[PDB]
Structure formats: C-alpha cells, structure tokens
Amino acid sequence: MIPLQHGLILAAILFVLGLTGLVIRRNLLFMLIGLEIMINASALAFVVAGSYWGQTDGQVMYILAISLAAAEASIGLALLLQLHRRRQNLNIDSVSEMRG
Amino acid sequence: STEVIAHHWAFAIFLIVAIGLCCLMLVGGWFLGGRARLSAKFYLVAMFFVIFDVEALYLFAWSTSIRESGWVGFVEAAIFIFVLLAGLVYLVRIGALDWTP
Amino acid sequence: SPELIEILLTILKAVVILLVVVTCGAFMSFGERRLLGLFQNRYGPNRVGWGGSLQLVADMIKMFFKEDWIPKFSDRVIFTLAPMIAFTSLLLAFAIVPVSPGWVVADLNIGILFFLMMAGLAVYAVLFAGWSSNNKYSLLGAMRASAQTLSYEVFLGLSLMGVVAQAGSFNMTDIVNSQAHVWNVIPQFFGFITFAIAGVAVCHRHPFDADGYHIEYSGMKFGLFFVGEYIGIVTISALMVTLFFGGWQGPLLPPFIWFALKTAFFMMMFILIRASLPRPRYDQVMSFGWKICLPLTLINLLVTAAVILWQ
Amino acid sequence: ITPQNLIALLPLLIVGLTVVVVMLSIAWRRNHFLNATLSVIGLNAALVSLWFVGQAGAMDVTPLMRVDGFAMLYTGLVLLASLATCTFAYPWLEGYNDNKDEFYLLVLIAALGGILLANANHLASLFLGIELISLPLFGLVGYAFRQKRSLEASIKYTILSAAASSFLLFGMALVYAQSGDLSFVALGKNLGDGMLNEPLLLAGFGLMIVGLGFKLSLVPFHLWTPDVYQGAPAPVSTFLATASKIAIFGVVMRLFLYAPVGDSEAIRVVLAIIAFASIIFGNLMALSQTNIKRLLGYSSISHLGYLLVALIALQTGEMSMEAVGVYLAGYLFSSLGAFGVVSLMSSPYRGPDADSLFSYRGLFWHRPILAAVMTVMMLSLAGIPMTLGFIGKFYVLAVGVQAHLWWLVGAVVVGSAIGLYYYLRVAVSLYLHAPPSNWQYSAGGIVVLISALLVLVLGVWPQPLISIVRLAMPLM
Amino acid sequence: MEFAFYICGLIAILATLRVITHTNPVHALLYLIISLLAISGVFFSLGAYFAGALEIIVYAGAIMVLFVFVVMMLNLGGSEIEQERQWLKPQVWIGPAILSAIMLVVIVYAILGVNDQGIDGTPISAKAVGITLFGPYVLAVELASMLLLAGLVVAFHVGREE
Ligand SMILES: CCCCCCCCCCCCCCCCCC(=O)OC[C@H](COP(=O)(O)OCCN)OC(=O)CCCCCCCCCCCCCCCCC
Ligand SMILES: CCCCCCCCCCCCCCCCCC(=O)OC[C@H](COP(=O)(O)OCCN)OC(=O)CCCCCCCCCCCCCCCCC
Ligand SMILES: CCCCCCCCCCCCCCCCCC(=O)OC[C@H](COP(=O)(O)OCCN)OC(=O)CCCCCCCCCCCCCCCCC
Ligand SMILES: CCCCCCCCCCCCCCCCCCCC
Ligand SMILES: CCCCCCCCCCCCCCCCCCCC
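Put into structure tokens, the structure is as follows:
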C-alpha cells in the first residue's frame, strides 16, 4: 500500500537536509548533528528497502547503521570536547592551520 | 480484523487521553490562582551507556528466538558476551567506570 | 453493529484502566504518606476526611490554585516540557500490562520493548528540568541524576531479557501464559532482583534519590513531577507482577483480584524499601549498577540460554 | 557452518583473540613492551596461519564472507602493513606521556577490518569492514590529540569519513532497493537484455563511489589527504596510506569483478575521468611541496589513480587482477619504506608543542642508510626501472594498452614526468647540505631496509612476485 | 498504515528543517529527537517493528541523550556565533542549499524509474530478525561487537580530562 519510491524519497530528503546542515554551520556541534541526520536517513532507506522485499536484511543493516552512528557520535563528541578544552571555542574555521 | 482494530483504537485513545490530561493539568495550573563547567565523567558515563545499549539490542534480538537458533547461536552469543565482559573489565580496571579516583 | 459496540467497549476498558492508574498514583502518594506513618510508629494524615481520604484532593487544589511561576531568565518550552515527560512516559508504559483475560489496552508484539522505549524517553525529564531552570546547582544535580539513571537503564533490558528468553516472545500475554506452572521469581531470581533495583532506580526512588533539579518548579508542575513518579511506581509494580509473578494466574480468586493483590503487595514493598533502606553514596550507586548488576544480567541470560537449550 | 569454514576464518579469529588478550593484559597492568609484543605476536601468528588457510582451500564462509587466494593475498598485505605500523609505533610511542597501549588495540581492530574487507563478498561485510578500518583510524589519527595538528587531522578525518560513510550507506540502500539482495553477484542479476544501466543502481553505485573514492583519496574527494597525512602521527600515516588504501581497493576490485553492473559503460567512463583527474592533480599538486607528508599524500592520490586505471581494464582484459596485485605489492613496500623513514626520523614523539618537521635536506651527512632507503623509495614511487614500482607501472601500462585506454596511458606518462620532477627533487635534496639507540628503533630501520631491498630485488628480478600473485585466484 | 507513514514523514522533514537552521543547541536537539520519534513511527508503519523500537530505544534514548549531555556540559550559548548568525544570511547558505537541491533532484530522478509493487506492511518481527541475525549474519554480529569496542576505546582515549 505504501510505495517504495516514497520511502526512498523521504530518506533522500533527510539525507540532503543533513548534508546542508553539515556544510553551512561553523559550529562543530551542528556539523555532528548533521552527520547524525545523514546516517539516520541512510538507515531509514535501508529499512524501506528491506521492508519492500519482505526481508530481515533491511532491519539487520539498520542495526549495523545505528551501531556505526552510536560509535561515530561518541567519537565526534569526544573530539568536540577536546576542541572546546584546548581552544575554548567550537569554530571549525579556526581549525585550519594545515594548508597548501 | 475486528479485535486488532478495536485494540488500535483503544491504544490511540489511551495516548491522546494521557497527553490531553497532562496538558489540561498544566493549563489549569496556569489558569487558576492569583499572582503577586562540568567534568568529562558525565560524558564518559553517557557514552558507555550508548555503547552497551547497542550491544544490549543485539542481545534483545538474540533472546527472542533461542529455540530457533540451536547451539550455534548460543556459541556466537557466548563470544559476543565474552567480548562484552572483556570490555567491561577493561573499563573497570582502568578507572573509566569509577566516579571517584 | 456488534463491531462498533466491541470497539467502544474496548475503548471504555482502556479509559477505565488509564483513570484507575492515575487515581492509583495520586491516591498512593497519599498512601505512601499513610504507610510511612505506619512504618514509623505513627499515623500519618488521618484527619482530612474519613481516614485522610480527602487529603489528596486538598493537595491537588492547593497546587492547582498556587501562583504559576517560571524563572525570568529561563527557557519556557523546556521548563514546561520536563514535567510532561516525567508524567507521560511511564503513564504510557503502563499500556502493555495484561490485567486480566480480556482487559488489556495494547496487546503489542513488542510490549517490553515499548516499556524500554518509555524509560529511554523518561530520562529527558530530569535533563530538561535541570537545564531549563538557569541554575548551576539544579543543572549539576540533574546531570548527576541522569548519569545514575543511565547506569541502571543499561541493564534493565537484560534483566528482563531473561524472562523474554524463557518465554520466547516479547509479548506480555505469552509471558504470563508461560507462568502457568512456575513463576519467573524462582528461575529468573537474578532477573527478578535486577529488575527490582533497575525499576527503583529509573524512578528516582529511595534509596536512589549541587541542589535538586526540582527547586525552581512549583505549583502544578511540581504536582506533575510527583504524580508522574507515583504513576511510574504503579507501572513498575504492575510490570513486575506481569513478568515474574504470573500476572492474573491464581487458583481460587478471580484473575483481576489476584493481579490487584500482587500489585498492591509490590507497591507496599516499594514504600517499605523507602522507609527502611539508607541512601548510599553516588559512586557506590554507579558501581553497583555497572560492576555488579550488568555482568549479573549478562551471566543470567547466558545461563538461562544454556539451561533452556539443555532441554 | 562447518569446521572447515572455521579453518577459513583463522586470520579473523586470531586478530580478534589478540584484541581481547591485549585488552585484558592492559586491564591487568599498563606495560608498553608487553602489550606491543603481544600485538605483534598476534599479527605474526595470523600472517603464519594464512598458510593453514591456504591449505584449507577456498570456500564461501557465509552468505557474507568468501575466502580464496585473492583474499589471502590481500590479508597478507594488510597484516604486513599492520606489523610495520606497530614496529614504527613503538619508538614513536616511547615519547608519548599519555597511555601508549590503546594504540595497539586500535591498530589490531583496524587490521581486523582490513581482513574483513579482504574477504568481503557482501554489501553488509563491505560496510562493516569500511567502518572497522575507519573508526580506529579516527582514534589513531588523533591519538596525540593535545597536539594541534593531530587534533585538526582527527577532526577533519572523522567528519569527512562520517560523511563518506553516510554516502556509502545511502548508495548501498538504493542498490538493495533495486536488487533485493546484498550479495555482490546479484547486483545486476535481476536486469538483463541490455537493461543493465538502471538509474537507481547507477546512482547507488555513484554514492558508493563517492564514499570509497574518499577512502581511496580519489579526485575530487582528495583534499583531506595532505592535511590528514601531515597531522596524523607518522606510524598512523603509514598505516592509513598502506593498509586502508590496499584493503579498500581490494574490496572495490572484488565488487567490480563479481557485480554484473561492473560491466556498465557509464561507471567505466566516470571511473576513467576520476583516474585521469587523480593522476594529473596528484602529480601537479606535489610539484612545490617542501613537506614530505603532504607530498606523499598527493603521491598517494596519483598512485591510486594508476590503480584505478588498472581497475577500469577489468572486464576487457584478463591480467588486470594480476596487475592490481603486483602494483599493490610494490606500492605497499614503497609507501611502507617512505613513511617508515619519516616515522623513525619523527621518533621519539617530542610532545604536543614541539614541531614535527621532517627536514629531509642533508639527511645523508648524518643518517646515510635511511637516506639511501628514502631515495630508493622515491625512485620506486616514480616508476623508474630497477624498482618494483616500475613493474607495477609496466603492468598498469600493459592493461591500459590491451584495453586501448589511450587517454589513461597518456595521463600515466605525463603524470609520471611530473612525478619525476618532484620525486627527484626530494631524492637529490637528501644529499644536499643542511645548516633511537635502543633495538626497537633498529628494528624499524631493519624494516625499512628490508622493504627497500625487496623493492630493488623485485625491480631487477620481478618473477617470484609475479608467480605468487598469479597463484592467487578468486572464485569466479 | 499509509496515513501514519505520511504524517510521520512530514513531521520528520519539518523537524529536520528546524534542526539545521536553529541557533539554540538544546532546541535543535529537541527537534532532532522529534524527528527520530517520527522516523520510528515510519518504521512502525512499514512493519519493521524492531526497527521502530530501536529508533526510540537506541537513537532517541541513547545517542541524543549523549548529545544533550555534551551540550549541557559545555553550556553552549552562541559564543560569538549566535551574535553573528552567519548561516542565516542568504549570501552564505545560497550555495550549499542549491547544491543539495541538485543532488536531491538527481537522486529523486533515479528513484522515480524503478519497479514498485508497493510495500505490503506485513510485520517482520524481532524474532525473525533474531533468527537471521544469528543465522546468516553471525560474522556481522561479532564484528559489530568489535566495532562498538573500537568506538568505546577511541571515545575514552579522546574524552578524558587529566
Ligand atoms: C509531547 C507529545 C510527544 C508525542 C506523543 C505522541 C504523538 C502521537 C499521538 C497519537 C498516537 C495515536 C496512536 C498511534 C497508533 C497506535 C497503534 C499502533 O501503533 O498500532 C500499530 C502496531 C500494531 O502492532 P501489533 O498490535 O503489535 O501487531 C498486530 C499488527 N496489526 O503497534 C505499534 O507499532 C506499537 C508501537 C508504537 C507505539 C507508539 C506510541 C507513542 C510513542 C511516543 C511517546 C512520546 C512520549 C513523549 C515525548 C518523550 C520525550 C521527547
Ligand atoms: C617535439 C614534440 C613532439 C615530441 C614530444 C616528446 C615529449 C617527451 C620529451 C620532451 C619533454 C619536454 C619536457 C620539458 C620540461 C622539462 C623539465 C624542466 O625544464 O624542468 C625545469 C624546471 C625547474 O627549473 P627552473 O626553471 O629553475 O624552476 C624553478 C622551480 N621553482 O621545472 C619546472 O619548472 C617544473 C617541471 C615540471 C615537470 C616537467 C614538465 C612535464 C610536462 C609533461 C611532459 C610530457 C610531454 C607532454 C608534451 C610536451 C610537448 C610536446
Ligand atoms: C492528526 C493530525 C496531525 C497533528 C499533529 C501531529 C500529531 C502526531 C502525528 C503522528 C503520529 C500519529 C500518526 C497517526 C496514527 C493513527 C493510527 C493509525 O493510523 O494506525 C494505523 C496503523 C495500525 O497498524 P496496522 O495493523 O498496520 O494497521 C493498518 C491497517 N490495518 O499504525 C501503524 O502501523 C503505526 C502507527 C504509528 C506509529 C506509532 C506512533 C508514532 C508517534 C510518532 C510521534 C512523532 C512526534 C510528534 C511530535 C508532535 C509535535 C511536532
Ligand atoms: C494498580 C492496578 C491497576 C489496575 C487498572 C485496571 C483495572 C481493571 C479492572 C477490571 C475488572 C474486571 C476484570 C475482568 C473480570 C474478572 C474479575 C471479576 C471480579 C472483579
Ligand atoms: C637505480 C636504483 C638505485 C641505485 C642506488 C641509488 C642510491 C642509493 C645510495 C647509495 C650511496 C649514495 C652515496 C652518495 C654520496 C654523495 C657524495 C657527494 C659528494 C659531493
């Protein structure tokens, strides 16, 4: 009753919204938030694909995706805490010393 | 069916009555009456909770179908839980899971 | 049509369950006062009405007609939102409990999973109340309480996974149909005790309860926090009876009566635990949550799996 | 599940048991010597047990995993890279005032992900292997997080690799939506009669190409590479540049081999453009580099472009897999020796505040044998004959000529000339004029000297490497 | 089925749009939690009951709790960022917005030409997901345990105080 195309398009909308939030924001925290949005959109697309075929494989890939999301959110927030400790600001443009 | 849609209606009514009761309670509270740097240990504890929660989800999915997985599933869950306890022992022994030093 | 009257009868059953649960939470706030009096060689409130029965209505009116107050340089949406979470999360977690044959709100395929969802959402009440108050002491106290809550919610699910492993399904009716001969207090005794400690701890009860994060709350929001606490106590006790004590099963009395006496028994034990136990220190509480209870639940699930695969 | 399937799993099991054992040994006491020795013992044991896996044969251990001599060759390359990384890491970690033991646990877990990618036959296993080599690299790139450049590289690699993982996962989801099967061989099976180029399959493969080409430093997903290479610890730079690139290109090789959509002309044209741009841009950006880390990053971009040229000729040619194997052996030894000389001159770790500049000028007049090894690897990465890098360049040129990829062949020649300029600039700066003491630093010097001798010997005499790469065959 | 799916998808899109443009971090995290609840409702509409339960338990109940913890720890209130509002003026975001719109329209064009027999919505229970998860996918389970181990080790190594 639900089209597969509509679920895929919803996942794509959330993915490009997360990418936009990743690019436009100077604060590192909103960059991590956009990364979480993109990975949740990818997991949602896998759930839609698995539910269309009547397979468990979509939910299994969802489990793997949220395991990755948990690990990446942990590591990124640790790095953000380190940045706020060392430099007392979360401006990502100031972390730009290496160039050339 | 009939019983499943009756239960769907009952669950939806339960949801909306509970939410409306709380919101009405706060609305009536506002209406009536006359007027006149934290340490990183919090982050570490929340992070440990997240990691062990995902690993717990794997054990949740294991526990439902024990008699459909045989002894091989028990073996694989045994290596899973062994790595779980190895990580727990690693965290405890280094001071990660201690609020005070 | 019979379908329409069946739908309306089920809806009426769900609304009756919801009203009785909210009334039980408030009336057993009053009952907690009376039981603390009984346990402490005194009486408690026995003057407002017949036996103190109208004391709760007096408290409700007093908090209704108190002056509504929000701190000035504070967030409004988060401050108003935290008591709603503290009420709604466990009130909704009640919806999976089978009370008797023919009396259940939602016979979900997930059940226990819905309870875990509600507790995971329930931690946000403490976090939001601490942040929105614009007080450093309340914020620090809420972060402490939230860290403790996570420390016990991390093994709540596995402490119930022992029972799910024995039953082979997440459904609650199948779990209570798996108790027709032996209740899970005997085989899942480690699961029993760990769910007891976890259910006490995520409800912020004694002995699991930088000043507090409720100091800026007053009026009807404080009432929401406390009534949500006691509603969560009702829900946890009913879950405990459903999972480990057979639910509705009994030899002589009607099944609702058996469920009611067992739920009342465990709420009485909840208040007795409040009266008797002393409060441990923070680091001891987190260490007992992590070092002892989590490996205990993992080993309990492993041994349970080996035992059930033995037959 | 058979016990012979358990015999096919021994590198995975041995690396995982080394992970558990090293973790518990750290939990008992923090001893850098003992934990490092346990890590290299486990990696050496897995490298030895590859012989028992070879005696076991070749079989499909899961719907997920498939092990053949292709997988054992890639596993051996990844294990050798990891062993060299640990060997370079010990004299580096001697100067690290914080915990020196988590390094080896992350290196081992990354080697486990490399082994999974070596044996992966499934989109789930590919995603898992990608994430298993990525997240320990997040830890390792910013292991010295108090250092400003290492924290910068950690943040850059973590953010960009999370974004690329999202792209790869989204592409995998679209591919699964079209195909209904996450197995590699079914990616294009349900199509047919010239309907291979389905738009959703192509777009999913495009998003996976974005993620994997980030992981392979392919243009235009390449800008992270000099910054991350310069900021990362030097053994971490060695491990990234060797193990991550080799494992991910091995799994990309296998994916384009068994997927029926690997014969699509659109993906071939897009990968040809990416290879052309990677070769030209990586060679051109390294012309005026005085930093050896950024220079080697641009060099890695160019060398992965050459590898991609060998990848495009997969379906038309027959010697493409052998070309990738020989090129990857030469590239592994060359980058190992190069980043190893950088590592031992950056060892011991001097702290978060002091500079870590290489200063290769005049290296011969105070450290001559390492200067000789460094210029040998400069000649090898330039593709000069008497080096195995030339043998790989010759294989890439042979598969480009046989498949008539004349634009890529001309790109190889032109980028080779530009590479000659900057590589010879470095190699002759080693002998210009400029204005340790334990056995682990000597072991690192032994490792780079052995790799240089191997690249010289297989430059003059390449037949044993050709024979042992041809020994590896997949389950076609 | 379809009705709940469409409201939950619309709520998720709207909440994400409020997430990526808001200035207050706690408010943005609250909108992100709302979007996660909506995505779980979408999962329950499709029949992936385990996925919806996990979207509430794991994503909203653990990961967003970690983000909320970090934001409360740092006490973020726009240190010369809320005073600037650089991401709000169109001369900053007009490029990335149309770039994401172009990527979205290409992806949507690719999606629009595929076979679509319609999602049945028959519930794939967590028992079947467990049978598959400890049947054909056991290497994924073990290596995901090592994946979370790697993430835990990295996050402890980076997120200390000393
Ligand atoms: C402040 C407000 C926040 C938001 C509050 C909620 C907003 C929406 C309110 C209206 C909801 C109406 C009810 C929705 C339908 C209920 C029935 C249902 O979900 O049925 C589907 C499925 C049935 O499955 P089952 O019966 O097991 O199997 C047989 C299959 N025919 O059963 C399931 O899939 C059951 C699992 C899903 C149940 C979800 C219930 C609500 C969960 C959200 C609670 C939010 C709490 C507040 C915020 C927390 C802090 C942020
Ligand atoms: C007759 C036509 C038909 C036959 C064609 C045969 C082609 C192959 C044989 C001829 C090759 C000609 C190469 C010409 C440039 C040689 C390199 C050179 O002159 O380098 C010197 C110069 C550095 O010296 P200086 O000027 O001091 O610069 C200071 C640096 N900061 O260096 C630099 O400034 C940078 C040097 C960069 C690398 C060299 C340039 C490579 C360009 C591609 C070469 C491949 C052939 C392409 C076609 C050529 C024209 C036909
Ligand atoms: C009302 C207009 C809009 C008002 C503002 C928004 C309010 C919240 C709207 C979203 C949540 C409720 C969506 C509507 C659900 C109503 C019930 C329904 O449609 O149930 C159908 C289905 C029953 O299951 P099934 O057996 O498949 O039946 C299909 C036919 N036999 O059900 C299912 O399969 C699953 C049922 C839905 C999933 C459970 C509930 C999810 C709740 C998500 C809340 C998200 C956060 C809300 C935030 C609000 C503020 C912005
Ligand atoms: C703390 C417990 C809260 C329980 C709330 C729900 C109460 C439901 C009452 C149902 C009563 C009828 C049950 C079916 C008939 C069997 C019993 C007959 C004699 C009462
Ligand atoms: C062609 C393959 C590689 C051949 C060897 C390349 C060079 C290796 C190092 C050998 C020793 C070099 C000694 C240089 C002495 C320079 C003295 C200059 C005096 C003005």
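Protein chains in written order, with my numbering: chain A, 14 to 113; chain B, 5 to 105; chain C, 17 to 327; chain D, 9 to 484; chain E, 574 to 735. C-beta atoms are modelled at their ideal positions from N, C-alpha and C, and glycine is treated no differently.
Residue i Cβ short of 7 Å to ligand 1 heavy atom set
| i | result |
| --- | --- |
| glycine 625/E | yes |
| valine 139/C | no |
| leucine 587/E | no |
Any non-hydrogen atom of ligand 2 within 7 Å of residue i CB
| i | result |
| --- | --- |
| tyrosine 604/E | no |
| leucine 295/D | yes |
| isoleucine 287/D | no |
| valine 422/D | yes |
Any non-hydrogen atom of ligand 6 closer than 7 Å to residue i Cβ
| i | result |
| --- | --- |
| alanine 728/E | Among the ligands modelled here, namely ligand 1, ligand 2, ligand 3, ligand 4 and ligand 5, ligand 6 does not occur. |
Residue i: CB within 7 Å of a non-hydrogen atom of ligand 4
| i | result |
| --- | --- |
| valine 38/C | no |
| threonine 705/E | no |
| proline 267/C | no |
| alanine 42/C | no |
Residue i CB to nearest heavy atom of ligand 5 below 7 Å
| i | result |
| --- | --- |
| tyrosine 431/D | no |
| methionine 394/D | yes |
| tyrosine 266/D | no |
| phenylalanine 372/D | yes |
| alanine 380/D | yes |
Closer than 8 Å to chain H by CB, residue i
| i | result |
| --- | --- |
| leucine 661/E | Note that chain H does not occur in the displayed structure, where the protein chains are A, B, C, D and E. |
Burial state of residue i (16 or more Cβ within 10 Å)
| i | result |
| --- | --- |
| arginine 358/D | exposed |
| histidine 441/D | exposed |
| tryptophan 75/B | exposed |
| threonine 70/D | buried |
| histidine 374/D | exposed |
| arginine 276/D | buried |
| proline 11/D | exposed |
| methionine 203/D | exposed |
| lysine 700/E | buried |
| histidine 230/C | buried |
| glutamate 49/A | buried |
DSSP three-state assignment for residue i, whether helix, strand or coil
| i | result |
| --- | --- |
| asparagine 597/E | coil |
| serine 43/B | coil |
| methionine 382/D | helix |
| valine 687/E | coil |
| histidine 230/C | coil |
| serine 73/B | coil |
| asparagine 291/D | helix |
| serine 286/D | helix |
| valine 726/E | helix |
| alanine 128/D | strand |
| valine 75/D | strand |
> Between the stretch 73-100 of chain B and chain D, which residues of the former have a C-beta closer than 9 Å to a C-beta of the latter?
Replying inline: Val76, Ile83, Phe86, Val87, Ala90, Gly91, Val93, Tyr94, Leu95, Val96, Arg97 and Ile98
> When Cβ atoms are compared, which residues of the stretch 595-610 of chain E fall closer than 8 Å to chain D?
Replying inline: none
> When Cβ atoms are compared, which residues of the stretch 633-652 of chain E fall closer than 8 Å to chain C?
Replying inline: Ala633, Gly634, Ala635, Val638, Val641, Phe642, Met645 and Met646
> What are the residues of the stretch 92-123 of chain C that lie near chain B, defined by any Cβ-Cβ distance shorter than 9 Å?
Replying inline: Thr96, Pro99, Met100, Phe103, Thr104, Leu107, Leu108, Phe110, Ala111, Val120, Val121, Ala122 and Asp123
> Relative to chain E, which residues along the stretch 55-74 of chain D have a C-beta separation below 9 Å, given in chain order?
Replying inline: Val69, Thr70, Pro71, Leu72 and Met73
> Between the stretch 64-76 of chain A and chain B, which residues of the former have a C-beta closer than 8 Å to a C-beta of the latter?
Replying inline: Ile76
> What residues in the stretch 679-699 of chain E have a beta carbon less than 9 Å from any beta carbon of chain D?
Replying inline: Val679, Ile680, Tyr682, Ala683, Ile684, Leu685, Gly686, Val687 and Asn688
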